[PDB]
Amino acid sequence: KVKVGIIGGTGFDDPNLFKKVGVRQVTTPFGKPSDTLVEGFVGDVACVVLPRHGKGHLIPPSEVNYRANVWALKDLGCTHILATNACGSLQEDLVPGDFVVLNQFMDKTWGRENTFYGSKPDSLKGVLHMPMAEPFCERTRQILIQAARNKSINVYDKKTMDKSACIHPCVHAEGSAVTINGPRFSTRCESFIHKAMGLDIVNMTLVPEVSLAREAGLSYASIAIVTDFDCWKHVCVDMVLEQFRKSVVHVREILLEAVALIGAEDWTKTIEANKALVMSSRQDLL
């Protein structure tokens, strides 16, 4: 049976997705998650919410315990994780107030625990080399886009639609993220180099969250909230929080509809393949 975990980032401290049924404080083999987990239901579908940066946003991106957050949701029997991520746009048609259902990323983070497996005592025994060519669960990506359509939110696909058909605010049907380590924002030089590489948005939290989700055998998809233009075009904290304020109502609608849409389908084969993928990536056993 399906159970959807939700990891909320900047601006999503009041998800208001369901009346809470229960509240749970857990530990994992990798430490404590960012905060208490809040439990409830969307229809018949069990749902669990946690704030990535903890209540009060005291934890910076580089210090978030991504391993504990993902493993805590796995241990509650989540089959899916939906994530929100505030980001800066590197592209003219990705405008503050738009959303992006990411399908690609380039990793520029460092110093974070990015795998559950290793040779040290605070990791699980083994060597896990996971395929990441298409790093998200494509089924769950498409459910996020379909949820946007079902809630009458514009969807823009730059492959099949002229730029003049891009009506803001819109959900972009694809996009690539560069994940930088933070906590500072990029220089103009860095922003132009990321733009020249063809990346669409920049953010501090996607990785290693997406990677650990796949290690945990979970279907993961992110909805990126464009809160600013990165400085190739000026981003600051107050600018980001103000835009997320204007966009959070849509984030809620999409996530709410997405959970219901997940629950309406059979995931048996996908889940079995998620699990089999973890086992076939163990080099120490092969």
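Sequential numbering from 1, following the sequence displayed.
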Self-check item: Sequence continuity check, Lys233 and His234 (deposited residues unmodelled)
Solution: 4 to 9
Quiz item: For the C-alpha atoms alone, is the average B factor greater in 207-215 or in 123-131, going by the entry?
Solution: 123-131
Quiz prompt | Residue range whose averaged C-alpha B-factor is higher in the record, 58-66 or 252-260 | solution = 252-260
Quiz prompt | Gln91 - Cα temperature factor, lowest/middle/highest third of chain | solution = middle
Practice problem: Name the third of the chain's ranked CA B-factors that contains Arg139, choosing lowest, middle or highest. | Solution: middle
Quiz item: Among the modelled residues of its chain, does the C-alpha B-factor of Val42 lie in the lowest, middle or highest third?
Solution: highest
Practice problem: Pull the Cα B-factor of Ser152 out of the PDB entry and bin it into the chain's lowest, middle or highest third. | Solution: highest
Quiz item: Taking the C-alpha B-factors as the PDB entry records them, is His80 in the lowest, middle or highest third of its chain?
Solution: lowest
